[PDB]
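The block underneath contains the structure these notes are about, expressed in structure tokens.
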Amino acid sequence: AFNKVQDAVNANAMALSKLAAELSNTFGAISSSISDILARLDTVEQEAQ
Amino acid sequence: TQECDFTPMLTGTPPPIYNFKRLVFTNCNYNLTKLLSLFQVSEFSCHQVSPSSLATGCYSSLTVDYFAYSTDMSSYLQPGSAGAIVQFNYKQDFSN
Amino acid sequence: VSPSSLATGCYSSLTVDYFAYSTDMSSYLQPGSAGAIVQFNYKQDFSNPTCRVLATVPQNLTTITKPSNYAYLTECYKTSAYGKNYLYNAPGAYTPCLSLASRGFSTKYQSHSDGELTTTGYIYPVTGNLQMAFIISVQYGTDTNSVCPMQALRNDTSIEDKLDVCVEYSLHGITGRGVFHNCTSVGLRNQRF
Amino acid sequence: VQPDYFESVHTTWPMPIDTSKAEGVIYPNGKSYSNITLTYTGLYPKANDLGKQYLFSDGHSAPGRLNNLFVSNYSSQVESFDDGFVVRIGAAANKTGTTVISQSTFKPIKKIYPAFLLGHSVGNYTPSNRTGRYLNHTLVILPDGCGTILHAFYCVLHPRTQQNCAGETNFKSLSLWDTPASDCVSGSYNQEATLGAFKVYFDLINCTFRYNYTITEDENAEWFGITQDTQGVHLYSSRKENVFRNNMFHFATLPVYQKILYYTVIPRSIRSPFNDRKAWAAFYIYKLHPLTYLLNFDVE
Ligand SMILES: *[C@@H]1O[C@H](CO)[C@@H](O[C@@H]2O[C@H](CO)[C@@H](O)[C@H](O)[C@H]2NC(C)=O)[C@H](O)[C@H]1NC(C)=O
Ligand SMILES: *[C@@H]1O[C@H](CO)[C@@H](O[C@@H]2O[C@H](CO)[C@@H](O)[C@H](O)[C@H]2NC(C)=O)[C@H](O)[C@H]1NC(C)=O
Ligand SMILES: *[C@@H]1O[C@H](CO)[C@@H](O[C@@H]2O[C@H](CO)[C@@H](O)[C@H](O)[C@H]2NC(C)=O)[C@H](O)[C@H]1NC(C)=O
Ligand SMILES: *[C@@H]1O[C@H](CO)[C@@H](O[C@@H]2O[C@H](CO)[C@@H](O)[C@H](O)[C@H]2NC(C)=O)[C@H](O)[C@H]1NC(C)=O
Ligand SMILES: CCCCCCCC/C=C\CCCCCCCC(=O)O
Ligand SMILES: CCCCCCCC/C=C\CCCCCCCC(=O)O
Ligand SMILES: CCCCCCCCCCCCCCCC(=O)O
Ligand SMILES: CCCCCCCCCCCCCCCC(=O)O
Ligand SMILES: *[C@@H]1O[C@H](CO)[C@@H](O)[C@H](O)[C@H]1NC(C)=O
Ligand SMILES: *[C@@H]1O[C@H](CO)[C@@H](O)[C@H](O)[C@H]1NC(C)=O
Ligand SMILES: *[C@@H]1O[C@H](CO)[C@@H](O)[C@H](O)[C@H]1NC(C)=O
Ligand SMILES: *[C@@H]1O[C@H](CO)[C@@H](O)[C@H](O)[C@H]1NC(C)=O
Ligand SMILES: *[C@@H]1O[C@H](CO)[C@@H](O)[C@H](O)[C@H]1NC(C)=O
Ligand SMILES: *[C@@H]1O[C@H](CO)[C@@H](O)[C@H](O)[C@H]1NC(C)=O
Ligand SMILES: *[C@@H]1O[C@H](CO)[C@@H](O)[C@H](O)[C@H]1NC(C)=O
């Protein structure tokens with residue numbers, strides 16, 4: 001029963017961790033930061049990135 | 001921040017391609033305008049950067065290889081080329 | 001867009017910018033280029049589908065004459081109490097030093113100043129046949145009528161014998177695939193679609 | 001010129017934008033919708049924008065005679081274009097009221113179409129040292145023919161050095177006039193009186209185009225609008241049905257490609273007689289902004 005209480009607390013924490021971590025996926029771009037894409041490319045390349 | 005030293009590239013005879021020259025710059029400013037006013041560009045091609053972004057931003061280090069080269073042999077410097085230039089003279093690195 | 005699709009299809013509007021231009025300065029017109037051409041002379045706009053064409057005009061065709069020089073701008077800025085403030089082109093627009101640059105240029109690196117504004121020009125002679133640049137852009141879907149090239153025109157057909165079957169259609173330049181059914185009028189009939 | 005008399009607290013009736021009636025909304029071009037609701041991004045006014053009011057007046061009038069004009073300093077208010085604008089034209093032209101000048105004489109309020117100068121560059125008037133002079137190709141939008149003609153042209157304006165005529169040492173303003181009694185006899189509408197009175201002030205040099213448009217006049221509500229993009233200048237008007245006159249539709253494109261930065265409303269004074277005069281309405285200008293709107297379309 002104690003393991004089920006801790007399991008529930010961890011499932012709540014795991015949903016928020018997995019939300020926050022997907023903002024560092026580049027997905028095949030040159031960066032996951034939008035600011036670095038805007039600072040390193042021109043407009044046509046910026047759009048596809 | 002004292003200014004970068006391009007005078008090795010701007011005086012003398014440029015070397016052949018198998019004996020190319022390399023310069024590396026950190027912690028300096030360089031005046032890209034009046035560098036572009038010494039040369040007439042026939043072509044450029046860039047990889048994960050654009051030349052208008054090099055003009056408006058900053059970077060940790062700059063690295064320049066330079067040699068004499070006929071412009072009408074430009075397609076022998078393309079990535080994926082098959083001839084003697086990539087095999088025995090110069091092969092471009094695509095890490096940075 | 002591709003040039004061969006401009007030759008077989010219709011669009012709402014066509015826009016052409018054109019000027020004299022040496023072909024061996026072509027890389028200064030590239031998107032991403034860094035010199036004086038994009039900064040002070042022409043910056044291409046990319047919000048619509050667009051093409052860039054360089055061409056030579058031959059000797060006895062057309063009634064196009066040649067100018068004496070090619071000419072571009074090397075600087076445009078205003079003076080302030082701190083120093084120079086460089087004024088850069090917007091995409092598709094004209095340079096703010098255009099009224100100063102209408103005075104002409106006689107020598108390379110000749111300046112023209114009015115108040116705060118200053119501009120510098122660069123000329124060099126025209127040798128051989130004239131060369132030109134064209135910036136073309138099209139629009140889709142903003143008009144009840146179309147711009148079409150003459151090889152893309154077909155005669156006319158009727159729908160009244162082919163109701164409730166799937167057909168191709170080309171209706172005032174709007175093309176596609178569909179099934180048609182006689183109905184009661186809705187919408188404004190002056191807007192056609 | 002006595003501009004504290006015109007923009008006083010006499011009429012000053014505020015007229016905000018009501019989006020629940022869709023006031024000042026430009027219809028999409030090339031397409032229609034029927035009985036639906038959708039979002040649309042475009043150039044729209046802000047909700048509950050009061051805008052700016054323009055009050056007009058017949059000039060000074062001797063008994064039986066005509067005098068100099070009673071105008072404001074609208075010819076020295078140079079305003080920023082920024083996205084274009086829309087104009088509510090004479091919404092008060094169905095009730096009683098004076099214009100501003102004859103405070104004890106209510107006359108049936110007619111409608112007054114606005115006149116505009118629009119340009120890229122602006123300067124001083126030399127030697128009068130007055131600001132508000134347009135100096136390159138300027139666009140001129142003039143109503144004419146007792147409100148049946150719209151002239152639009154793109155020309156260089158050369159000031160004339162006559163009695164003042166907008167180019168002398170002494171310079172009040174540019175101001176335009178018209179006569180409801182002689183220039184607006186029915187059957188023979190003189191559709192060049194505003195053009196001729198304008199040509200008294202200026203020489204029209206190197207006109208690239210000269211367009212003429214048919215205006216539908218009545219005493220109901222009217223909306224006019226102007227925008228610029230990379231394809232040129234667009235003009236918008238409410239149609240002629242008394243059926244949803246809040247909707248503005250595109251009726252003209254003008255091949256003007258340099259960016260319009262400044263505009264000037266032209267001060268008018270329509271020179272009716274003293275006893276049988278007509279009282280004048282206002283108009284209201286509202287600025288456009290890039291906005292997203294939720295629009296509802298009926299089945300019509
Ligand atoms: C980069 O070098 C150019 C040289 O080409 C500098 O431009 C010169 O500036 C001085 C004073 O501002 C003028 O007297 C020269 O006539 C200029 N020469 C040209 C060709 O324009 C430029 O100032 C340098 N950039 C910076 C930031 O110092
Ligand atoms: C587009 O214009 C060309 C003009 O070059 C037209 O071609 C000419 O047509 C006439 C009529 O048969 C011939 O006598 C000429 O010899 C043609 N000139 C050439 C160069 O072929 C052409 O017909 C036009 N296109 C369409 C679709 O009408
Ligand atoms: C645009 O208008 C300006 C006026 O502001 C014109 O420039 C003037 O040209 C005359 C020619 O006699 C000079 O005397 C003035 O000094 C000029 N004004 C300024 C401020 O320099 C200009 O020519 C016009 N543009 C074009 C293309 O003609
Ligand atoms: C629009 O109306 C005006 C005024 O009636 C026309 O202006 C005349 O144009 C002709 C030829 O362009 C000139 O010879 C006259 O001097 C102009 N008269 C005036 C009073 O301006 C204009 O032509 C009309 N537009 C079109 C397209 O016909
Ligand atoms: C100059 C081509 C004449 C030979 C064509 C017929 C042989 C085809 C077989 C292999 C072709 C591969 C060579 C690719 C040529 C491009 C040269 C280069 O990479 O710079
Ligand atoms: C042409 C001279 C090259 C000199 C190399 C040393 C300077 C390196 C610093 C910046 C290089 C960026 C210039 C890009 C060249 C393309 C010019 C263009 O057409 O926009
Ligand atoms: C530092 C100057 C002394 C070195 C002198 C080297 C002279 C360069 C000549 C060789 C050019 C090599 C480029 C050939 C390739 C090509 O042009 O296609
Ligand atoms: C309207 C025609 C008269 C004006 C004559 C202008 C034509 C000569 C100027 C050519 C400039 C073209 C751009 C120069 C840069 C280049 O040649 O690459
Ligand atoms: C134009 O010049 C070409 C040679 O470049 C020649 O063959 C042709 O006959 C000429 N035509 C005319 C009309 O001059
Ligand atoms: C930048 O700093 C220098 C050094 O004092 C000063 O002379 C100059 O006016 C400054 N410029 C601006 C735009 O602040
Ligand atoms: C289509 O409908 C209209 C109006 O409903 C009618 O006038 C017309 O005759 C119909 N056409 C056919 C082919 O049925
Ligand atoms: C007339 O000009 C003055 C100052 O130039 C200004 O304060 C006033 O608002 C102007 N009049 C009107 C009606 O805008
Ligand atoms: C304006 O007044 C006329 C007559 O006085 C009337 O017929 C008309 O309906 C009024 N306008 C509106 C929008 O009601
Ligand atoms: C008259 O105009 C000139 C500009 O040509 C300006 O320098 C001067 O200050 C003006 N005079 C007055 C009294 O404002
Ligand atoms: C009108 O155009 C002519 C071209 O023939 C030009 O010479 C003249 O300067 C122009 N007028 C003005 C006021 O610039």
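Letters A, B, ... go to the chains of the structure tokens in the order shown; residues in each chain start at 1; ligands are counted from 1 in the same order.
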
Within 8 Å of ligand 6, counting only C-alpha atoms and all ligand atoms, residues as an NGL selection string
(:B and (6 or 32 or 35-36 or 38-44 or 50-52 or 54-55 or 62-64 or 66)) or (:C and (27-30 or 32-35))

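The list of residues with at least one atom within 6 Å of segment 160-170 of chain D, based on only C-alpha atoms and without residues fewer than 6 positions apart in the same chain, reads residues 127, 128, 201 and 202 of chain D.
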
Any chance you can output those residues with C-alpha atoms as a short mmCIF file (atom, residue, chain, number, x, y, z; two decimals), in the first residue's frame?
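out-v6.cif, freshly written:
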data_model
loop_
_atom_site.label_atom_id
_atom_site.label_comp_id
_atom_site.auth_asym_id
_atom_site.auth_seq_id
_atom_site.Cartn_x
_atom_site.Cartn_y
_atom_site.Cartn_z
CA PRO D 127 9.53 81.43 -48.16
CA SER D 128 6.46 81.34 -45.87
CA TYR D 201 -3.41 76.63 -55.95
CA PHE D 202 -1.15 74.20 -57.81
#

All residues 9 Å or closer to segment 87-93 of chain B, only C-alpha atoms, same chain fewer than 3 positions away omitted, as a ChimeraX atom specification
/B:17-20,77-79,82-84,96

Near chain B, which residues of chain A fall within 12 Å when you count only C-alpha atoms, and what do they look like as a list in words?
residues 29, 30, 31, 36, 37, 38, 39, 40, 41, 42, 43, 44, 45, 46 and 49 of chain A

Once you have the residues from the selection above, write them out as an mmCIF file, in the first residue's frame, restricted to C-alpha atoms.
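Below is the file part-v3.cif, written as the result:
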data_model
loop_
_atom_site.group_PDB
_atom_site.id
_atom_site.type_symbol
_atom_site.label_atom_id
_atom_site.label_comp_id
_atom_site.auth_asym_id
_atom_site.auth_seq_id
_atom_site.Cartn_x
_atom_site.Cartn_y
_atom_site.Cartn_z
ATOM 1 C CA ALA A 29 16.970 21.342 -36.254
ATOM 2 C CA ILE A 30 20.305 23.002 -35.566
ATOM 3 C CA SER A 31 19.127 23.948 -32.055
ATOM 4 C CA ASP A 36 19.927 30.727 -31.786
ATOM 5 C CA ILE A 37 18.083 29.818 -34.992
ATOM 6 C CA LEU A 38 17.140 33.470 -35.469
ATOM 7 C CA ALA A 39 20.721 34.557 -34.792
ATOM 8 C CA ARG A 40 22.451 32.029 -37.073
ATOM 9 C CA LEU A 41 20.306 31.692 -40.217
ATOM 10 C CA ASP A 42 18.576 33.859 -42.810
ATOM 11 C CA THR A 43 14.790 34.092 -43.252
ATOM 12 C CA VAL A 44 14.247 31.255 -45.764
ATOM 13 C CA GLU A 45 16.314 28.830 -43.682
ATOM 14 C CA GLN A 46 14.748 30.151 -40.461
ATOM 15 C CA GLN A 49 14.120 25.292 -39.161
#

Quick one: residues within 7 Å of residue 21 of chain B, only C-alpha atoms counted, chain neighbours fewer than 6 positions away excluded, as a CSV table (one decimal) with N, CA, C and O atoms, in the first residue's frame?
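In the end it all went to part.csv:
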chain,number,residue,atom,x,y,z
B,15,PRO,N,49.5,30.4,-51.3
B,15,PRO,CA,50.1,29.1,-51.5
B,15,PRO,C,49.3,28.2,-52.4
B,15,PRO,O,48.2,28.6,-52.8
B,65,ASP,N,41.0,28.8,-43.9
B,65,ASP,CA,42.0,28.2,-44.8
B,65,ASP,C,42.0,28.9,-46.1
B,65,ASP,O,40.9,29.2,-46.6
B,66,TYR,N,43.2,29.2,-46.7
B,66,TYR,CA,43.2,29.9,-48.0
B,66,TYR,C,44.3,29.5,-48.9
B,66,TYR,O,45.4,29.1,-48.4
B,67,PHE,N,44.0,29.5,-50.2
B,67,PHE,CA,45.0,29.1,-51.2
B,67,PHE,C,44.6,29.7,-52.5
B,67,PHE,O,43.5,30.2,-52.7

Which residues of chain C have any atom within 12 Å of an atom in chain A when counting only C-alpha atoms, and what is the closest pair of atoms for each, with the distance in Å to one decimal? Order the rows by chain and rising number and write it as a Markdown table.
| residue | atom | partner | partner_atom | distance |
| --- | --- | --- | --- | --- |
| C:30 | CA | A:42 | CA | 10.7 |
| C:31 | CA | A:42 | CA | 7.1 |
| C:32 | CA | A:42 | CA | 5.5 |
| C:33 | CA | A:42 | CA | 9.1 |
| C:34 | CA | A:42 | CA | 10.7 |
| C:43 | CA | A:43 | CA | 11.6 |
| C:44 | CA | A:43 | CA | 10.5 |
| C:45 | CA | A:43 | CA | 9.5 |
| C:46 | CA | A:44 | CA | 7.4 |
| C:47 | CA | A:44 | CA | 9.6 |
| C:48 | CA | A:44 | CA | 11.6 |
| C:49 | CA | A:44 | CA | 11.6 |
| C:50 | CA | A:44 | CA | 11.8 |
| C:91 | CA | A:43 | CA | 10.9 |

Could you write out, as number ranges by chain, all the residues of chain A that DSSP marks as helix (DSSP H, G or I)?
A: 2-24, 34-40, 43-48
